[PDB]
Amino acid sequence: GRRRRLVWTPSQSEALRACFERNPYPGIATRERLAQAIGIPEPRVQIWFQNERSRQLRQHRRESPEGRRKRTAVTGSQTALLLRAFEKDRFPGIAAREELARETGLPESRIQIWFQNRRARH
DNA sequence: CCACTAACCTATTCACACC
DNA sequence: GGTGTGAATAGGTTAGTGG
């Protein structure tokens, strides 16, 4: 099961596109400011910038550095909890990831990244 | 029915602390 | 240099949106 898909308002689409036009590689501060200005969680903004670059690069392919998020600290206790879940299921859905976010205290978007990285390496 | 695309995915690299 | 791992990139796949 995946998270419920958002639908942009015209005002949100305009703000996303205008910020993309200024810089298609925003850092965490730009993404957080834009997220709050338009009322959308920052991970959804980051996912949109990724999809929009893919749309623009593909269309350019047949027509033709801002600061990163600070490294999330993961305690040994949080890691062991994620590892136990990973051993049972490597592809948790949104509800399983929200459970892990609740139990660990980490943002669900960091849980999602943790599982993507772990699958690539183990 | 079907085009578009948010959400999610893989593969690989960048960043950075640590020794 | 080497290791570990969180956050990024390019770009493919799945499934909901709406003509």
Side-chain angles (χ1 to χ4, degrees):
Chain A
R2 56 174 54 195
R3 93 200 312 118
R4 168 154 44 208
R5 172 176 174 141
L6 294 177
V7 172
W8 316 115
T9 64
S11 164
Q12 291 168 333
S13 287
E14 186 195 348
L16 292 162
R17 300 194 176 264
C19 213
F20 192 90
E21 197 275 349
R22 303 173 184 107
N23 189 6
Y25 300 95
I28 180 58
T30 302
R31 293 194 305 273
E32 285 288 355
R33 186 177 67 250
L34 181 64
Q36 304 296 336
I38 75 176
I40 289 303
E42 185 274 342
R44 305 299 98 216
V45 174
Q46 177 165 38
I47 291 298
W48 181 90
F49 270 87
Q50 292 167 1
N51 279 312
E52 186 72 10
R53 290 196 298 263
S54 194
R55 282 182 289 264
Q56 300 272 123
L57 284 168
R58 171 172 73 255
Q59 295 181 259
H60 265 267
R61 190 133 26 89
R62 289 168 328 214
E63 283 186 13
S64 296
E66 297 177 17
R68 298 183 171 196
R69 177 191 283 258
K70 300 189 25 162
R71 182 179 180 98
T72 299
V74 189
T75 66
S77 173
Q78 291 169 319
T79 296
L81 204 155
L82 299 155
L83 192 38
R84 285 188 292 271
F86 187 80
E87 275 142 42
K88 311 223 176 304
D89 183 16
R90 308 199 314 153
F91 294 88
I94 179 60
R97 298 192 306 268
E98 294 284 353
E99 166 155 37
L100 293 175
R102 166 174 58 78
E103 296 172 349
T104 54
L106 304 168
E108 178 269 336
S109 69
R110 303 305 93 201
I111 274 66
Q112 188 149 31
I113 297 307
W114 190 93
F115 272 82
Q116 301 186 355
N117 276 323
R118 186 97 192 169
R119 290 195 297 262
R121 300 166 163 157
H122 297 268

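Scope of the values below: all heavy atoms of this structure, side chains included, with no hydrogens, waters or symmetry mates. Letters go in sequence order (proteins before strands), and every chain restarts at 1.
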Open item on the list: Could you check whether any side-chain heavy atom of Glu52(A) comes within less than 4.5 Å of a side-chain heavy atom of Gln56(A), counting everything from C-beta outward?
Closed with: yes

Task: ILVMFWY cluster, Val45(A) and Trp8(A) together (side-chain gap under 4.5 Å) - done: yes

Task: Upstream residue (5' side of DNA chain B) when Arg97(A) and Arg71(A) are each assigned their closest nucleotide - done: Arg97(A)

Open item on the list: My parser flags sugar pucker from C1'-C2'-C3'-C4'; what should it report for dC4(B), north or south?
Closed with: south

Task: Atom-to-atom span, CD1 of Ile94(A) to P of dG16(C) - whole angstrom - done: 14 Å

Open item on the list: Rounded to whole Å, please give me the gap between CZ in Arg110(A) and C1' in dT5(C).
Closed with: 13 Å

Open item on the list: In the structure I gave you, are the side-chain heavy atoms of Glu66(A) and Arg31(A) within less than 4.5 Å of one another anywhere?
Closed with: no

Open item on the list: Could you tell me how far apart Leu106(A) (CG) and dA7(C) (P) are, to the nearest whole angstrom?
Closed with: 9 Å

Task: Protein-nucleotide distance (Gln116(A), atom CD; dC8(B), atom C1'), rounded to Å - done: 7 Å

- [ ] State the sugar conformation of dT14(C) as north or south, using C1'-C2'-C3'-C4' as the deciding torsion.
- [x] south

Open item on the list: Please give me every residue in residues 1-14 of chain A whose heavy atoms get under 4.0 Å of an atom in DNA chain C, ordered by residue number.
Closed with: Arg2(A), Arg5(A), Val7(A)

Open item on the list: At less than 4.0 Å, is any side-chain N or O atom of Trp114(A) found next to OP1 or OP2 of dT5(C)? Yes or no.
Closed with: no

TODO: Scan for ring pair (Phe, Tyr, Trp, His ring centres under 6.0 Å) pairs involving residues 11-36 of chain A, sequence neighbours excluded, and state none if there are none.
DONE: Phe20(A)-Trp48(A), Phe20(A)-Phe49(A)

Task: Pairwise distance CD(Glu108(A)) to CZ(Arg3(A)) - rounded to 0.5 angstrom - done: 4.0 Å

- [ ] Have a look at the sugar of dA8(C) and report north or south, taking a positive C1'-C2'-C3'-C4' as north and a negative one as south.
- [x] north

Open item on the list: In whole Å, I'd like the distance from the CG atom of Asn23(A) to the P atom of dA8(C).
Closed with: 13 Å

Task: Closest non-hydrogen atom pair, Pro92(A) against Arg97(A) - done: O-NH1, 2.9 Å

- [ ] State yes or no: do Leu6(A) and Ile38(A) share one hydrophobic cluster built from I, L, V, M, F, W and Y residues joined by side-chain heavy-atom distances below 4.5 Å, directly or via other members?
- [x] yes

Task: Interface with DNA chain C, restricted to residues 29-58 of chain A and to heavy atoms under 4.0 Å - done: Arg31(A), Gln46(A), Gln50(A), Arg53(A), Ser54(A), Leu57(A)

Open item on the list: Using 30° and 60° as the class boundaries, would you call the ring planes of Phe115(A) and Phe86(A) parallel, tilted or perpendicular?
Closed with: tilted

Task: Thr30(A) side chain reached by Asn23(A) side chain, heavy atoms, under 4.5 Å - done: no

- [ ] Report the distance from atom CD of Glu108(A) to atom P of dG6(C), rounded to the nearest whole Å.
- [x] 15 Å

Open item on the list: Is there a side-chain contact between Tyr25(A) and the phosphate of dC14(B), meaning an N or O under 4.0 Å from OP1 or OP2?
Closed with: no

Open item on the list: Let me spell it out: for each of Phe91(A) and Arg68(A), pick the nucleotide of DNA chain B with the closest heavy atom. Which residue's pick is nearer the 5' end?
Closed with: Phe91(A)

Task: Length of the CZ-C1' vector between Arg17(A) and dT5(B), whole Å - done: 11 Å

TODO: Report the distance from atom NZ of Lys70(A) to atom P of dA8(C), rounded to the nearest whole Å.
DONE: 13 Å

TODO: Go through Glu103(A) and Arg84(A) one step at a time and tell me if the salt bridge (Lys or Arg N to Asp or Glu O under 4.0 Å) criterion holds.
DONE: CA-CA 13 Å; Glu103(A) 296 172 349; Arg84(A) 285 188 292 271; over 6 Å; no

TODO: Return yes if the base of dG11(C) and the side-chain atoms of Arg61(A) contain a donor-acceptor N/O pair under 3.5 Å, otherwise no.
DONE: no

